[PDB]
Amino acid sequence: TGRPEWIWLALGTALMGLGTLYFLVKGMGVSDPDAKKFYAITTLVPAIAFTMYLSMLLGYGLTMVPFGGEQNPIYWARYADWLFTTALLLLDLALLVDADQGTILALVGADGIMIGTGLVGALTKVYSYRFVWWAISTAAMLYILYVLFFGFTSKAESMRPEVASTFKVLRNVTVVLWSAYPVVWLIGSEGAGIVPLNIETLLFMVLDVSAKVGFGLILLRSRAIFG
């Protein structure tokens, strides 16, 4: 096929793969129990991303959805990735501030809605309706970020500054990166079709890589992960 975005898919596969191996290697040398539990969660994130980027690179996860009078190329393998990666990231942050089970359950549940309605909207054939679903998915995300900002930041205050400081950074990187996804979707292939797929893939690989390997590097190199 040789689609114009393939280069970005290969670069995302490459980065996720390398990020996975370094986390894996670093994680299996650690003896601390708690450290092992962030290391296992954080390594799995780029591992899943790698498989999905690889599949997309190889021609899967792509579907032609009709709307706007066009046959639009929608990469659905992305949500198969994010459904597990976003929730895992959320768990990492939750375990960091000692978030309560109810919180974790509610956060992960909201996250399922976000990704679920997101895909439904990326698959919807009525143009305007695609934006109705997108709207509900973004609302779900804003709920998630509100909790991370108001809830979590508050509980990280019962933590040592080292843990409170690591969380702030991960929280900040998360709020900034996640905020970007809905806008990429809106102006790109799933939405207005303003930004082309090849450029859109580039924007998504940058956010994905940053949000996973960027996030993991920061978290795994911190002492806040120790029991």
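Numbering starts at 1 and follows the sequence shown.
Trainee: So 31-39 or 174-182, which one's hotter by mean CA B-factor in the entry?
Mentor: Averaging CA B-factors over each stretch, the winner is 31-39.
Trainee: Which is higher in the entry, the mean Cα B factor of 89-97 or that of 151-159?
Mentor: Stretch with the higher mean C-alpha B-factor: 151-159.
Trainee: Per the entry, which of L202, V195, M64, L57 tops the list for Cα B factor?
Mentor: That would be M64.
Trainee: With respect to C-alpha B-factor, does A49 fall in the lowest, middle or highest third of the chain as deposited?
Mentor: Within its chain, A49 is a lowest-third residue by C-alpha B-factor, going by the deposited values.
Trainee: Hey, what third does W133 fall into on Cα B-factor, ranked over its chain?
Mentor: Lowest third, going by the recorded CA B-factors of the chain.
Trainee: What third of the chain does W76 rank in for C-alpha temperature factor, lowest, middle or highest?
Mentor: Its C-alpha B-factor, which the entry lists for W76, ranks in the highest third among residues of this chain.
Trainee: Please rank the C-alpha B-factors of the chain's modelled residues and tell me whether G118 sits in the lowest, middle or highest third.
Mentor: For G118, whose C-alpha B-factor we compare with every modelled residue in the chain, the answer is the middle third.
Trainee: With respect to C-alpha B-factor, does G102 fall in the lowest, middle or highest third of the chain as deposited?
Mentor: Highest third - that is where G102 ends up once the chain's C-alpha B-factors are sorted.
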